[PDB]
Structure formats: C-alpha cells, structure tokens
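Those letters in the sequence shown? Residues 12 to 246, 250 to 383, per the entry's author numbering, in order. Think of the CB as a built atom: it goes at the ideal place given N, C-alpha and C, for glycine as much as any other residue. Report on one structure; see the data block that follows.
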Amino acid sequence: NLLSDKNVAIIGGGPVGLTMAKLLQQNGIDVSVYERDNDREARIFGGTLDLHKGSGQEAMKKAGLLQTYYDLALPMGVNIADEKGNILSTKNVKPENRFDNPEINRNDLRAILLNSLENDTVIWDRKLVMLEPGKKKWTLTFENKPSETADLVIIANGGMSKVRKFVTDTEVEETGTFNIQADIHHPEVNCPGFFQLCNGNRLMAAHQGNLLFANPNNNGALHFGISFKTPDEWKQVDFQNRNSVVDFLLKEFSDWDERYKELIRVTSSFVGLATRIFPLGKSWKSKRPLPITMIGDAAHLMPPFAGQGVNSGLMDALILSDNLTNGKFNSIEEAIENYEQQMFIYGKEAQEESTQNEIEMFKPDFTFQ
Ligand SMILES: Cc1cc2c(cc1C)N(C[C@H](O)[C@H](O)[C@H](O)COP(=O)(O)OP(=O)(O)OC[C@H]1O[C@@H](n3cnc4c(N)ncnc43)[C@H](O)[C@@H]1O)c1[nH]c(=O)[nH]c(=O)c1N2
C-alpha cells in the first residue's frame, strides 16, 4: 500500500500531531513524532480544550479513545457577567448535552494520546530546524541532535512553525488583539469572590473593549484570560514584571467590581500573547520535491475567541490518516492533495467565522449581551 516499507515523521507532539500518530500507527504505519519538549512531564500552560461531535470526538472515536476522553473531561456550563458582577445569563449543562463538548485539561489530553502510542513513538528533545529533500527521503535536522530520515513529513508543530517553506510562503500575521493569561491555584481561598461568581461555570464578561474569560476548575486551578485591542503605544508592559502587568490591568479594569480586581492583584505571574492568524488564501505550493503537508495550527492558526482551534486540527488528522490508509489513492501526493483541498474549505470557513467574531467582540460597545 502507500506507506508499506516507508516511514512517517510528524513534527510536533501537540494534540494534533499525537492524534495523527495514533491514527497512522493503528494502521501498522512506521511513524515517529519529534517533539522539542525535553520530557513528557513538561506542564502545558493554557485553558482546557473541548472536542466536538463530528470533528475532535470523531478522531478520538476512530482511535478507540472516545470513552477515555469522556472519563477525564468535565461538562461545564457558562455564566455571562457584567463588569459589576451581575450574572446576566446562566446556561447549566443539561444531561442530554453532557457529551457535546466536555472540557479536558491539556496535560490530561496529552497523557491519553501518549498512553495510546507504542513505546518510543515520541522522540523528546527533538527541535526540528531544517528539512532537505533527497532522492526518495527527507533528511530532518534537529537542534544539537543527530539527523533522521522519512518518506513523508507531516508538519504539526503549531502556529509559529518556521519549517513551512516547502509547503507555502504564507507568513503568520498579528490580528490586532492581545491576550494576557494566568492561573490561580486554590482559587476558593485566593480569589473567593470571583470563584463564587463563576459558581462552577465558565465565565465571560465584556466592558469597553476589555474581555475576560475564566474557567474556575482546570484540574483545581482557575485559568483566566483578558483580551483587548493591542494598544497603539505598543506598535510597554514587561510580562516578567508582575508589578508592571498588575499596574496596567488595574488601570484597564478600573470600573470593574473588586471580585475581578482581586483576580489581577493575587495572580503570581502573567503570560502575554499577540493574537495571530496563518491565513488560508491562495493554494499552497504544487509539485513539492517529496511528500510533505501540514496539519493543526501549523496549517490554519486562527483567533480562538469563538472556540475555533483544536477541532479543525483533529479533523485534519482524521482526513489525512484516512487518505493515507484507505487504499483509494495512487500516490502519497494525491492523498495529501485531497486532504489539503478539504482542509482549505472547512479551514477558510473557520478562519472567516473566527475573524468576523474577533471584529464583533472587540468593538468598544460589545457585551456578550
Ligand atoms: C489563548 C488561547 C486560547 C485557546 C486556544 C489558543 C489560544 C492561544 N485554542 C487553540 C488550540 O490551543 C490550538 O488549536 C491547538 O493547541 C493546536 O494544536 P497543535 O497540535 O496544532 O499545536 P500545538 O501548538 O498545540 O502543538 C505544537 C507542538 O509542537 C512542538 N514544537 C514546536 N516547534 C517544534 C519544533 N521545531 N520541533 C518539534 N516540535 C516542535 C510544541 O512543543 C508542541 O508540543 C483553543 N482551541 C480550542 O479548540 N478551544 C479553546 O478554548 C482554545 N483556546
């Protein structure tokens, strides 16, 4: 068949790359994942992920992992609040919808996927820096580690990938929004008023161009994110200096309730990130020297504010893995072309929705109401 006596290199062990590896490996394909992280115990900073019926859940179902996801995920409702702490809307999880998109911790999702792979599928401390096409095989160059070869390379190393040029000359762009994220440990003790306002639900609030998103129970930690249009002055806050970030945020949140200000004051450290997009437009390069493609945020990074992100990437893994293993294609290149053509349609729809949603939500008069 297409991959008999051939091997596949996946670049990046995020949720998308590890899913791609499981879907190929369960079909008897020789596949390795190269992951820059030093070891499997690396904590992944970030909020939870939720898998959707028909995309992320379909990939887990094909892998035999859907029940494992359900068992480690948490169905969560959503509260909409104003800047004064008034709950404007409470949507609790109804038992009939409890399988719709339960929330999973990113380390828990990585553990499910790693435990599903054969020993030594993931090669840790392997930061890909360059590719070179040979006669039949790619040579992979890693930072300060020996080279490897593969018949097929799948780029899955996230939105800021610098190994995309064999596929496309498209560049990542800033969208003009900015995100500050943090975790609070023991939130029932350290931000009790804000914790009680969430009342076991996710919470969202918007006032004068500032958005706040919180999850009060990411494996017992509260995760929150504040998003706004990137200030022109920054076209001036040191994210290593918590006192500088606190000062900036308390000026921005000056007319919000003290339950929100308490969140800012008690946070031990903050992470800042400009919103970026890897825009799908014109098709990627045709006639590449050897078989290569991209999946996940490497293919279609987009703003996350409407819940686009990992589900598009898991759909990529499901489509590409099916094309490589279903025996219908005459070549790996044709299997790749078919996946890319499909991904350009659902990916452009997702990016269009994400970008329109970002425009609407950052108008200075928006409220989730
Ligand atoms: C603030 C915020 C909030 C959200 C989200 C993003 C952001 C920024 N997302 C998006 C979601 O997190 C995203 O789509 C997925 O993490 C993409 O998974 P990937 O595996 O493609 O990349 P991901 O970035 O997760 O993984 C890439 C992997 O490759 C590795 N790597 C990088 N460079 C490498 C190199 N050169 N060599 C080897 N390995 C390398 C990295 O270490 C990492 O393990 C989201 N999505 C969603 O569905 N729901 C949500 O609620 C949110 N929320």
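> By Cβ distance below 6 Å, which residues in the same chain neighbour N103 in space, the five residues on each side in sequence not counted?
Replying inline: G88
> Between residue 248 and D269, which are expected to be in contact by the criterion C-beta below 8 Å, what is the C-beta distance as a whole number of angstroms?
Replying inline: Any structural detail on residue 248 is unavailable, because the chain resumes at 250 straight after 246.
>> Following a CB-centred definition, is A331 positioned closer than 7 Å to any heavy atom of ligand 1?
In response: no
>> By alpha-carbon positions, which one of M171, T59, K265 ends up nearest to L85?
In response: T59
>> Please list the terminal residues of the continuous alpha helix (DSSP H) segment that includes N126.
In response: 117-127
> Out of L163, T152, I191, which has the shortest C-alpha to C-alpha gap to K173?
Replying inline: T152
> Which of helix, strand or coil does DSSP assign to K156?
Replying inline: strand
>> Classify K33: buried if its beta carbon has 16 or more other beta carbons within 10 angstroms, exposed otherwise.
In response: buried
> Which word fits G65, buried or exposed, when buried means at least 16 other C-beta atoms lie within 10 angstroms of its C-beta?
Replying inline: exposed
> I think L29 touches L125, with their Cβ atoms under 8 Å apart; what is that distance to the nearest whole Å?
Replying inline: 7 Å
>> Relative to the C-alpha of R109, which candidate in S282, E199, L62, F382 has its C-alpha closest?
In response: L62
>> According to DSSP, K275 sits in a beta bridge with which residue or residues?
In response: Partner(s): none; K275 has no beta bridge.
> Does any heavy atom of ligand 1 sit closer than 7 Å to the C-beta of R51?
Replying inline: no
> Hey, out of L222, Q36, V42, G25, whose CA is closest to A53's CA?
Replying inline: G25
> Anyone know if the C-beta pair for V259 and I191 falls short of 8 Å?
Replying inline: yes
> So what's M171 in DSSP terms, helix, strand or just coil?
Replying inline: coil
> Say the cut is 7 Å; is the CB of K64 nearer than that to a heavy atom of ligand 1?
Replying inline: no
> Who are the Cβ neighbours of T281 in its own chain at under 6 Å, not counting the five residues just before and after it?
Replying inline: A193
>> Rounding to the nearest angstrom, what Cα-Cα distance links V42 and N201 in this structure?
In response: 45 Å
> How would you write the range of the alpha helix (DSSP H) that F262 sits in, first residue to last?
Replying inline: 256-266
> Are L128 and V164 closer than 8 Å when you measure CB to CB?
Replying inline: no
> Using the beta-carbon count (16 or more within 10 Å), is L287 buried or exposed?
Replying inline: exposed
> Mind checking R137: buried by the 16 CB within 10 Å criterion, or exposed?
Replying inline: buried
> What are the boundary residues of the alpha helix (DSSP H) that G67 is part of?
Replying inline: 67-73
> Cβ atoms of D162 and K17: under 8 Å apart, would you say?
Replying inline: yes
>> Considering Cα atoms alone, identify which of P242, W149, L35 is closest to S335.
In response: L35
> Should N352 and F343 be called a contact, given that it needs their Cβ atoms to be closer than 8 Å?
Replying inline: yes
> Is the closest heavy atom of ligand 1 to the C-beta of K138 under 7 Å?
Replying inline: yes
>> By the three-class DSSP mapping on this structure, what secondary structure does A320 have?
In response: coil
>> Which residue marks the beginning of the alpha helix (DSSP H) containing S368, and which one marks its end?
In response: 346-375
>> Taking a contact to mean a Cβ-Cβ separation below 8 Å, would you say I134 touches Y45 in this structure?
In response: yes
> Among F224, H218, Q254, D261, which residue has its Cα nearest to the Cα of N212?
Replying inline: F224
> Touch check for the region 287-305 and the region 358-376: three-plus C-beta pairs under 8 Å?
Replying inline: yes
>> So, at 6 Å on beta carbons, what are the nonlocal neighbours of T241 in its own chain, with the 5 sequence-adjacent residues on each side left out?
In response: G187, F189
>> Is it buried or exposed, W245, if we count other Cβ atoms within 10 angstroms and call 16 or more buried?
In response: exposed
>> Assuming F224 is part of the beta strand (DSSP E), what are its boundary residues?
In response: 221-229
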